[PDB]
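**Student:** Sequence, then structure. It's an experimental one.
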Amino acid sequence: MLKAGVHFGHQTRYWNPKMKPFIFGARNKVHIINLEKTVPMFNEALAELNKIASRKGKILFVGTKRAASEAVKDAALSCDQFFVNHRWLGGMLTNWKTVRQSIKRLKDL
RNA sequence: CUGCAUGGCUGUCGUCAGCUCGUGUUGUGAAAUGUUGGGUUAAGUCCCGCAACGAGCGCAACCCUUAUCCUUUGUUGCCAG
């Protein structure tokens, strides 16, 4: 009820040194993650996303996997938001004033 | 009188597929990246994709002629009817 979510446990090798402490003691040599902080850690981050929305910040969403690539353009369409669903460029965001010539190209075609 | 005094004008490596530029990245930096890779070609040509996205000179097309046809003008040329 504290959220918490789905576990199998999946991946048995090469764990990230900052994610290893989320493993819990159930069975000999068995990998399984504890998720009892998912929404408790989101409730404090969504407070600063509220501060960026208060500052009228432009929000960008990204996904390429089949569960996310369709959702970034449909599941948040109750506000004004921007997305990337499949294809990327060199300097996609860090060279935006060059990338604008491809938006002039898009609209000209 | 002479192209280390010149402007200009044409050869040749070279009709070869090369040489550069705006912004971004990379290194202390000259610079490198882009022009490489993977297919394809007559070709830095076209396609695919990537830290690149687009450009300038070459490139290529338009241009012109030629193999077959249809149609307009025919002498002192031509001669099918």
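**Tutor:** Cool, the structure landed. Residues are numbered from 1 along each chain as shown, chains lettered A, B, ... in the order given.
**Student:** Every contact and neighbour count from this point should use C-alpha atoms.
**Tutor:** OK.
**Student:** Check the gap between residue A:10 and residue A:41 for me.
**Tutor:** Separation of residue A:10 from residue A:41 (CA to CA, to the nearest Å): 22 Å.
**Student:** Tell me how far residue A:59 lies from residue A:102.
**Tutor:** With CA to CA as the criterion, residue A:59 and residue A:102 are 21 Å apart.
**Student:** And residue A:29, by the same measure?
**Tutor:** For residue A:29 relative to residue A:102 (CA to CA), the value is 53 Å.
**Student:** same check, this time on residue A:12
**Tutor:** Counting by CA to CA, the gap from residue A:12 to residue A:102 is 44 Å.
**Student:** cool, residue A:45 as well?
**Tutor:** 34 Å.
**Student:** hang on, the earlier thing: which one's more surrounded, residue A:29 and residue A:102?
**Tutor:** residue A:102 (11 against 8; other CA atoms under 10 Å).
**Student:** Name the helix or strand for the more buried one, please.
**Tutor:** helix A:96-108 (DSSP states H and E).
**Student:** then that helix to PDB, C-alphas only?
**Tutor:** The C-alpha trace of helix A:96-108 is given here as PDB (Å, rounded to 0.1, in the frame of the first residue of the first chain):
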ATOM      1  CA  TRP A  96      19.500  23.600 -30.700                       C
ATOM      2  CA  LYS A  97      20.200  26.800 -32.900                       C
ATOM      3  CA  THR A  98      21.700  24.500 -35.600                       C
ATOM      4  CA  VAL A  99      18.800  21.900 -35.100                       C
ATOM      5  CA  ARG A 100      16.200  24.700 -35.800                       C
ATOM      6  CA  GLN A 101      17.200  24.500 -39.500                       C
ATOM      7  CA  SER A 102      15.600  21.000 -39.600                       C
ATOM      8  CA  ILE A 103      12.400  22.400 -38.200                       C
ATOM      9  CA  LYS A 104      12.300  25.100 -41.000                       C
ATOM     10  CA  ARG A 105      13.000  22.100 -43.400                       C
ATOM     11  CA  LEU A 106      10.100  20.000 -41.800                       C
ATOM     12  CA  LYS A 107       7.600  22.900 -42.200                       C
ATOM     13  CA  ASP A 108       8.900  23.800 -45.700                       C
END
